[PDB]
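Residue-level listing of the chains:
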Amino acid sequence: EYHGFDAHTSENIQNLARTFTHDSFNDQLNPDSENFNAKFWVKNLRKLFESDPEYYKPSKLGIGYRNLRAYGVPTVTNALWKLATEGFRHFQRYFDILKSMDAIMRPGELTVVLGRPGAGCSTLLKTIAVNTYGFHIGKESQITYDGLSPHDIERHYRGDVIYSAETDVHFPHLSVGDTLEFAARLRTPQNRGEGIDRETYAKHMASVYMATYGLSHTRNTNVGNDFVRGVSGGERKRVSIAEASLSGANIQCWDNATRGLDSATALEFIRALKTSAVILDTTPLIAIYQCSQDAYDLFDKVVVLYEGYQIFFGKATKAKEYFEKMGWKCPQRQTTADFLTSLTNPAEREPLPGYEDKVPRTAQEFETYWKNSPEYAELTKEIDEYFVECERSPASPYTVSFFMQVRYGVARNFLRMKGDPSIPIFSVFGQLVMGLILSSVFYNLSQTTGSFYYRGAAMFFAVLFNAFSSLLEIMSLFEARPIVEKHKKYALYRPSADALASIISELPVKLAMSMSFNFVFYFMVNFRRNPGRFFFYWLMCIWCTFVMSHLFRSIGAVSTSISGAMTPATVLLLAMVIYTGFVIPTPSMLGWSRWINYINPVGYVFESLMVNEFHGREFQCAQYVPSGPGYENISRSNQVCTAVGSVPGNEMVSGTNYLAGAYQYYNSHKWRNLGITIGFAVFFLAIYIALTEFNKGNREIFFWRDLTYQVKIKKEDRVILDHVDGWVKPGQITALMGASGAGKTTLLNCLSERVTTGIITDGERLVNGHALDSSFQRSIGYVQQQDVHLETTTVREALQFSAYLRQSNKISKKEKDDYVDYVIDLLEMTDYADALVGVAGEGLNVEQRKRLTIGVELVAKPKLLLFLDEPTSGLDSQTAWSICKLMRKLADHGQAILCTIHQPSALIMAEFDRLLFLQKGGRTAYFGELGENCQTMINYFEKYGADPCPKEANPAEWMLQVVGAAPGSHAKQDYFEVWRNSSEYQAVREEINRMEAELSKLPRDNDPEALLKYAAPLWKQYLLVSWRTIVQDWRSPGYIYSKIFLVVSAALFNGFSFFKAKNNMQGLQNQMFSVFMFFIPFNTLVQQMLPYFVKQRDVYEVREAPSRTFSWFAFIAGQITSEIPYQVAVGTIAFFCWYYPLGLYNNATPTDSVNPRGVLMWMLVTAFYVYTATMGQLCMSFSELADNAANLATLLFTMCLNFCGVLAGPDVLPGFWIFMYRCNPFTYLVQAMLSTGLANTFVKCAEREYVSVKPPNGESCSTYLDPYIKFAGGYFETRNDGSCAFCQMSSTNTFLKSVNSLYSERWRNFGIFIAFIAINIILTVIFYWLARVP
Ligand SMILES: CCCCC/C=C/C/C=C/C/C=C/C/C=C/CCCC(=O)OC[C@H](COP(=O)(O)O[C@H]1[C@H](O)[C@H](O)[C@H](OP(=O)(O)O)[C@@H](OP(=O)(O)O)[C@@H]1O)OC(=O)CCCCCCCCCCCCCCCCC
Ligand SMILES: CC[C@H]1O[C@]2(CC[C@@H]1C)C[C@@H]1C[C@@H](C/C=C(\C)C[C@@H](C)/C=C/C=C3\CO[C@@H]4/C(=N\O)C(C)=C[C@@H](C(=O)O1)[C@]34O)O2
């Protein structure tokens, strides 16, 4: 709790000053002397120890204006159309949002803007803080900032005026001390100063400001977010205030900073603002709606708006009186702020007796009265004097140079990495493990020509493993964007400085990754062993990773989520991967494709690495074309190697010749490519910095008796509820009230059987005098506090779903629909019945969402109770009053309601019928009728001895004060003892006994349908959930279109890079790697898909799981079935976009089997596109976060791809890894695909693959080579030289057999893949049961 600038804070500041004066070395300012006052010390410290520069930085600002006037101006099947319309709107009236006003705010005054939502307070505070982005300002207006101008403030005085409204953006894993010290050190001036180190001064600044705002205790504690634990809810707002004050802000504007915050938290926040205004001369503006009287007693000035009209402005204490002079009536026990706010509501409010004709009803009449009043005349006189006085009388807003900003950014980034080493450790160790595994695949490559291909493959993947190694770093960019924006607004540092700091801070991680991967890969794979070759390889890999890191940062500087950046960048990254130079060697490159390789930053890296390895090297020949049983005694001059650069009669193959023939790489480009890659890195770094700088912007009565409830905590059991008894009757509302530690929520959850812990010892809950049965949990509705709804379901659809799945199965659909309509009418939801729920920003209000939740829990027809968990909490005064009226209407119709109420207003409290009050230890203190204006309750606490309640006061707070639960109060008597020793308790016990003895004889109603766990059969639940998920996926905003575009673009690029392809010895390998690259969109698809699984899982587990709507099996089966249709359609599109451009059907013409092979390939592609979804869901079933599931799925996919039989077959793989070659799901898909697409067709060798053979003297190639052609496949062509050209392949079956793919085993492989899909589904279900189902 915060008490302001109390004596304790003064003593703490005294101790801090005493500590600091020793390092540093009027009667005040002496820590060791008497009568020293902390306020004067803090005030003078800023002006004295900060020195005086030659600029005109002001220490206080006040704002005055005279005539301020401000004016202004789905289903995917239609989305594209809408976009087109939007485009037309981009191809090519005048209403005042804020009418004329007059105001003046001076330093040291806390000002509050009041008004109902939509009045225009947010726009006024945006205008004051110079944030007019979305509306214009009238030319007649005149705004003066203590003599400056709005343009002057915006241009080179920013940071003096700040505007933060609702959500605080802090680094969750940075401690409060570090968070404040960062700003303190970034704001201190480096221009000399005093004989004190700057770091010491920043530390003293941070300590003093922590002490001032009561945060000294919360040092070295993570600030945290709504997810990460830390400073709970109110110390974070004070941290934000302290940080804003440290940055020199002099006019701080807040809009509903205390939104969804209880009265105590808002009161302490406003207290912190008041001390900020008092100690440090400041002009804070606050826009609040639910403000307590104690909080309102702190405000210095109030301005009240009526639809942006500013009916009144002036001293807060004189506000009510003025309006009471107007002719309005203020009901007693009503806070002044609520009275002022409701005076603008025609439905509420009422005039004084005899004033029914003099008060105004229109905002225009309100302005007329305001202007005619003498208060407006005095205000105008003051404004004129202020403007006359102001008229009579820094290059950049930042304080430290660019180098200092980037240095501090680097330090903060290191602190963040220390506070969360997850991503760096994961990246480093993933690189290490992947390098180890991949090297195990390529272990100890031979020195003969037979290793050529493998060597190339290695130097390809190494490049890839350096290109994408730094993909995860961009995640940090998505976490620091809001904070960087805020600090730019605060005028602390530029986004460019933060970008450079982020680049510099990740160098250690990049070095660790590069070392851990390369030092193992380059050496366990038998590459060139010379030191110079290794060092050149390492240098090129370093530059490749820098280039790709800068490219990834550039892509992620204009994106908000990993999937959002991944979807459009997937095509680009796949294009760079394909055109590296290995999948499609330059000789095989098509006409339209070469320009892609010319501008590829990775092609040059690959060329340099291959040139470095192969140039100036001789490889021993492995195979000679003429060989076998008939050529066991043939001369070496009549033979020739089978490589590309082979020369007849030579026993060795030159690396230079092979490189110049197969890949067309030359040694002249070894060092030039390094310069090209350096240029690419610099270019991408410049683009990234520019982007991050510029591109930014009933009949049964339920009663409990002797309910005792205890829970074991750390081997110790403490009773949370001690002998709590009561009842709930139809037609009455009972309010469950208590302190924070009174455990009223525990009582509510124990009564409703929604608490999974503890044991009830002496309790007894009964209905109509009978013990509880198995039908209880289905006869009580539970309206949770938080509203968890699907964003893609209309109100009517949600109500219909609940009614269908929760009402009796013997009731026809017509009755269910009619009851849904009746509930919609009763809750006054008919105006927006067919409106998407959407998100909080766009969609339904908080009131509408709460009404929808009550309706959802009402259409189930609960016949016993409606437990409401804090309905009037986190809501405005008027919205809370409306919801209370709705609850009263429900209770009128014949309902029984029990609700827990937290910090209510007097008017709200007067609406309830009965009250159950609990004090520490769950001890009942009162249980009885509230009476009129809570009078009866008061009598109970007044006739037993206590301080009489004031005539004007809130009885809700009076109760807490009386029982000692309020902060700063004395009980003076244990009220449990008097309650147990009262006549009221005896009456309650007698009533409970009478009810138990009487109602137990009533004839109960028996029906087995009510005893079932679920009201609908399993198949119906499965169907309904599957349909809901399908509709949600369809209606998501750009989810199906993103998938379609990604898959279509990737498939088209992969199928047209390999346009109709010659079946030469190299073309077959190119097509095999085309099949291999066809699987790359797996990661992007999983990343896109997982969040929409998270949404449904959250909605189910938070609300639908305990409500017993549908079982876990129905949920998981629906999730599994929802993705099959979309995946099948996308797979069909992908197959049509890839199979035909590749021209594979030509291979089927010779054997006449065109249709079967095309059909089988379509099945295989669709099966892969279903398997990707099944595997993503399997990896997501047991995991908690979407990022972890996506990363695990990517790891498993990479492992499956490594041992899929393309990089190295079973005969090359180590015996240890064969277990992964057989259990792979892709080792069969790839075999089936290759077999279907390539089998049973001829092969024609390219001009560069023909191998020259010189027959022995006196022989022709026919006679000399037919025995070999018979022994092994191939063909030969005569030449006009005496030699002849031999091609080692005559049919594609030879290549397929080499890859270990057979034509007769395609259907078996398809069946095995289907079996793997089934295993994935089964494991998904089982793991979801094991991990998530309680
Ligand atoms: C913030 C970013 C941080 C990034 C990190 C910063 C890194 C900055 C480093 C700067 C250092 C730059 C050094 C470059 C100067 C090279 C001067 C000689 C160039 C040369 O000498 O290169 C041809 C010969 C052999 O190459 P080669 O196979 O082609 O054989 C040739 C023959 O030797 C002969 O000399 C004829 O050459 P020329 O006719 O003159 O062209 C021809 O003869 P033939 O082949 O025709 O028979 C052939 O080219 O290189 C060889 O020995 C081995 C290959 C170079 C060996 C140096 C490797 C240096 C690694 C740098 C450090 C890496 C660590 C990375 C980070 C560390 C910690 C984080
Ligand atoms: C989660 C595991 C590790 O994952 C990354 C970053 C670091 C982690 C520890 C990143 C992966 C590649 C991976 C290391 C390299 C390989 C496994 C080699 C190769 C088989 C993988 C290529 C992957 C891709 C090619 O390019 C695709 C793409 N668009 O085409 C996008 C948007 C992302 C790529 C990707 O996400 O690659 C991609 O899926 O290192």
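Residues numbered from 1 in each chain as written, not as in the entry; some residues may be left out. Chains lettered and ligands numbered in written order. Heavy atoms only, no water.

- Structure determination for this entry, per the PDB record, employed cryo-EM and reached 3.08 Å resolution.

### So, the overall build of the chain
Logical step 1: When its secondary structure is counted, the chain shows 48 helices and 28 strands.
Logical step 2: With the C-alpha coordinates of the chain rotated into their principal frame, the extents come out at 135 × 90 × 65 Å.
Logical step 3: For the chain, with 1334 residues in total, the buried portion stands at 56%.
Logical step 4: Accessible surface for the chain amounts to roughly 57100 Å². Of this, 56% is attributable to carbon and sulfur atoms.
Logical step 5: Positive and negative charge centroids in the chain, built from 124 and 127 side chains respectively, lie 6 Å apart. (Helix = DSSP H or I, 4+ residues; strand = E, 2+ residues; numbered from the N terminus. Buried < 20%, exposed > 50% of the residue type's maximum accessible area, 1.4 Å probe, protein only. Areas by Shrake-Rupley, 256 points an atom, 1.4 Å probe, with all protein chains shown as cover. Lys, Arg positive; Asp, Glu negative; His and termini not counted. Charge placed at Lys NZ, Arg CZ, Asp CG, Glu CD.)

### Observations concerning the state of the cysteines
Logical step 1: Following the criterion strictly, the structure yields 3 disulfides and no others.
Logical step 2: Here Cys1245 engages in a disulfide with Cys1287; their sulfurs sit 2.0 Å apart. On the sign convention where negative means left-handed, the S-S torsion of about 65° between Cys1245 and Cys1287 marks this disulfide as right-handed. Of the two residues, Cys1245 sits in the loop between helix 45 (1226–1238) and strand 26 (1251–1253) while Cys1287 sits in strand 28 (residues 1284–1287), which places them 42 residues apart along the sequence. Considered together, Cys1245 and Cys1287 belong to a single accessibility category, that of buried residues.
Logical step 3: Disulfide partners in the chain, listed by the sequence order of the bonded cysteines, are 1-2, 3-6, 4-5.
Logical step 4: With no disulfide of its own, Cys1223 lies 7.1 Å from the sulfur of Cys1200, the closest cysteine sulfur. (Disulfide = S-S within 2.5 Å.)

### Focus on unusual backbone geometry
Logical step 1: Of note, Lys861 is a non-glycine position whose phi angle comes to about 60°, a positive value.
Logical step 2: Here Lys861 shows up in the loop between helix 30 (846–859) and strand 22 (865–869).
Logical step 3: Although it is not a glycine, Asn933 adopts a positive phi angle of roughly 55°.
Logical step 4: Considering the arrangement of structural elements, one finds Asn933 in the loop between strand 25 (923–929) and helix 33 (935–942).

### A short note on the pairing of strand 17 (residues 733–738)
Logical step 1: The buried count for strand 17 comes to 6 of 6 residues, which makes it a mostly enclosed element.
Logical step 2: The alternating pattern of strand 17 places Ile733, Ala735 and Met737 on one face and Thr734, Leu736 and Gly738 on the opposite face, and all of these are buried.
Logical step 3: In this structure, strand 17 lies alongside strand 23 (residues 897–900), joined through 4 bridges in parallel fashion. By the bridge assignment for strand 23, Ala735 is matched with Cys899. (Pairing = 2+ DSSP bridges.)

### Focus: the site of ligand 2
Logical step 1: Taken together, 13 residues are adjacent to ligand 2, and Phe468, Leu471, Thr570, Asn1083 and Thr1198 come closest.
Logical step 2: At 3.2 Å from an oxygen atom of ligand 2 is found a main-chain nitrogen or oxygen belonging to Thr570.
Logical step 3: Within the contact set of ligand 2, an oxygen atom lies 2.7 Å away from a side-chain nitrogen or oxygen of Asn1083.
Logical step 4: Counting only elements with at least two residues in the shell around ligand 2, the list comes to helix 22 (562–578) and helix 43 (1186–1202). (Near = heavy atom within 4 Å. Polar contact = N/O pair within 3.5 Å; in protein donor to acceptor, adjacent residues only side chain to side chain.)

### Overview of helix 37 (residues 1018–1035)
Logical step 1: When the terminal C-alpha atoms of helix 37 are compared, their 26 Å separation across 18 residues agrees well with the 26 Å that a helix rising 1.5 Å per residue should span.
Logical step 2: The complete set of buried residues in helix 37 reads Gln1021, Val1025, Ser1026, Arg1028, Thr1029, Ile1030, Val1031, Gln1032, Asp1033 and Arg1035.
Logical step 3: On its buried face, helix 37 is in contact with helix 28 (795–806), helix 38 (1040–1056), helix 40 (1082–1107) and helix 41 (1112–1138). (Expected span 1.5 Å × (residues − 1). Contact = heavy atoms within 4.5 Å.)

### Some remarks on the site of ligand 1
Logical step 1: For ligand 1, the set of nearby residues contains 13 residues, the closest of which are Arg533, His615, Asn667, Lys670 and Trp671.
Logical step 2: Take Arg533: an N or O atom from its side chain is 2.6 Å from an oxygen atom of ligand 1.
Logical step 3: In this structure, an oxygen atom belonging to ligand 1 sits 3.0 Å away from a side-chain N or O atom of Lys670.
Logical step 4: Across the complex, the protein chains shield 38% of the 1400 Å² of accessible surface that ligand 1 would expose by itself.
Logical step 5: Here the element with the most residues in the shell around ligand 1 is helix 21 (residues 531–556); it accounts for 8 residues.
Logical step 6: Class assignment of the residues belonging to the shell around ligand 1 gives a composition of 8 nonpolar, 3 polar and 2 charged. (Nonpolar A, V, L, I, M, F, W, Y, C, P; charged D, E, K, R; others polar.)

### Observations concerning the sheet that holds strand 6 (residues 136–137)
Logical step 1: Taken in spatial order, the 3 strands make up an open sheet running 3-2-6, and their pairing is antiparallel. Unpaired on one side and paired on the other, strand 3 (95–98) and strand 6 mark the two borders of the sheet.
Logical step 2: In terms of strand pairing, strand 2 (residues 70–72) meets strand 6 through 2 bridges, oriented antiparallel. The partner of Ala70 across the bridge, within strand 6, is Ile137.

### Here's the deal with the packing of helix 24 (residues 601–614) against helix 26 (residues 672–693)
Logical step 1: The N-to-C vectors of helix 24 and helix 26 enclose an angle of 150°; their axes lie 9 Å apart at closest approach. Judged on the interaxial angle alone, helix 26 and helix 24 are roughly antiparallel. Classified by chirality, the crossing of helix 26 by helix 24 is left-handed. Of helix 26, the residues touching helix 24 (which contributes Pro601, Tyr604, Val605, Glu607 and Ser608) are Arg672, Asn673, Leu674, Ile676, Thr677, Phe680 and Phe684.
Logical step 2: Of the residues assigned to the contact of helix 24 with helix 26, the class counts are 7 nonpolar, 3 polar and 2 charged. (Axes fitted to C-alpha atoms, helices over the stretch in contact; angles between N-to-C directions. Parallel < 35°, antiparallel > 145°, perpendicular 65-115°, else oblique. Left-handed = near helix turned anticlockwise from the far one by under 90°.)

### Structural notes on the packing of helix 1 (residues 7–24) against helix 2 (residues 38–49)
Logical step 1: Following both chains from N to C, one finds helix 1 and helix 2 inclined at 40°, their axes separated by 10 Å at the closest point. When you trace helix 1 past helix 2, the crossing you get is left-handed. Across from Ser10, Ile13, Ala17, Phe20 and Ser24 in helix 1, the residues of helix 2 making contact are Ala38, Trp41, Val42 and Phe49.
Logical step 2: Among the residues making up the contact of helix 1 with helix 2, the classes are represented as 7 nonpolar, 2 polar and no charged.

### Regarding the side chain of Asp706
Logical step 1: Looking at the secondary structure, you find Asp706 in strand 15 (residues 702–713).
Logical step 2: The buried category is assigned to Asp706, whose relative accessible area is 18%.
Logical step 3: Setting aside residues no more than four positions away along its own chain, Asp706 makes contact with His723, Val724, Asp725, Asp762, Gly763 and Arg989.

### Some words on the environment of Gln623
Logical step 1: Topologically, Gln623 is positioned in the loop between strand 13 (618–620) and strand 14 (652–654).
Logical step 2: A C-alpha to C-alpha distance of 8.2 Å links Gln623 and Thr449, two positions 174 residues apart in sequence.
Logical step 3: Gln623 has contacts with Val640, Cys641 and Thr642, leaving out every residue within four places of it along the chain.

### Structural notes on the UniProt feature "coiled-coil region" in the chain
Logical step 1: When the UniProt feature table is mapped onto this chain, "coiled-coil region" is found at residues 980–1007.
Logical step 2: Helix makes up 64% of residues 980–1007 and strand 0%, whereas the separation of the span's terminal C-alpha atoms amounts to 41 Å. (UniProt positions renumbered as here; feature names shortened; annotations may be inferred.)

### Points about the sheet that holds strand 1 (residues 63–65)
Logical step 1: Across the sheet, 3 strands lie side by side as 4-1-7; this open sheet has antiparallel pairing. Where the open sheet ends on each side, the last strands, each with one partner, are strand 4 (103–105) and strand 7 (143–145). Adjacent strand axes in the sheet meet at a mean angle of 10°, parallel and antiparallel pairs treated alike.
Logical step 2: Where strand 1 lies against strand 7, 3 bridges are found, and the strand directions are antiparallel. Bridge pairing in strand 7 links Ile63 to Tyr145.
Logical step 3: Contacting strand 1, strand 4 and strand 7, helix 4 (residues 121–128) crosses the sheet at an angle of about 115° to strand 1.

### So, the nonpolar core
Logical step 1: Formed by 166 residues in total, the largest nonpolar core has its most connected members in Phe1079, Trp1138, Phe1226 and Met1233.
Logical step 2: In contact with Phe1226, not counting residues within four places along its chain, are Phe1079, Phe1168, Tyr1171, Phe1197, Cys1200, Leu1201 and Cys1204.
Logical step 3: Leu114, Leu186, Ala257 and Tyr376 belong to the second largest nonpolar core, which has 130 residues in total. (Core = buried A, V, L, I, M, F, W, Y, C linked by side-chain atoms within 4.5 Å.)

### Considering the packing of aromatic side chains
Logical step 1: According to the stated counting rule, one finds 106 aromatic pairs in the structure shown.
Logical step 2: Taken together, a centroid distance of 5.2 Å and an interplanar angle of 70° make the contact between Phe582 and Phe1073 edge-to-face. As far as the burial class goes, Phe582 and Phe1073 line up, both buried.
Logical step 3: With 4.5 Å between their ring centres and 10° between their planes, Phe1082 and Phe1197 make a pair best called stacked. A residue pair is termed long-range when its members are at least 10 positions apart, and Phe1082 in helix 40 and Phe1197 in helix 43 qualify at 115 residues. When sorted by exposure, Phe1082 lands in the same class as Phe1197, which is buried. (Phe/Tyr/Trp six-rings, centres within 6.5 Å; stacked < 30°, edge-to-face > 60°.)

### Looking at the pairing of strand 23
Logical step 1: Side-chain alternation along strand 23 places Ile897 and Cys899 on one buried face and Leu898 and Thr900 on a second face that is also buried.
Logical step 2: Note: strand 22 against strand 23, 4 bridges, orientation parallel. Paired with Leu868 across the two strands is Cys899, which belongs to strand 23.
Logical step 3: Running through helix 31 (residues 877–892), the crossover from strand 22 to the neighbouring parallel element strand 23 is right-handed. (Right-handed = clockwise from strand over helix to strand, strands pointing away.)

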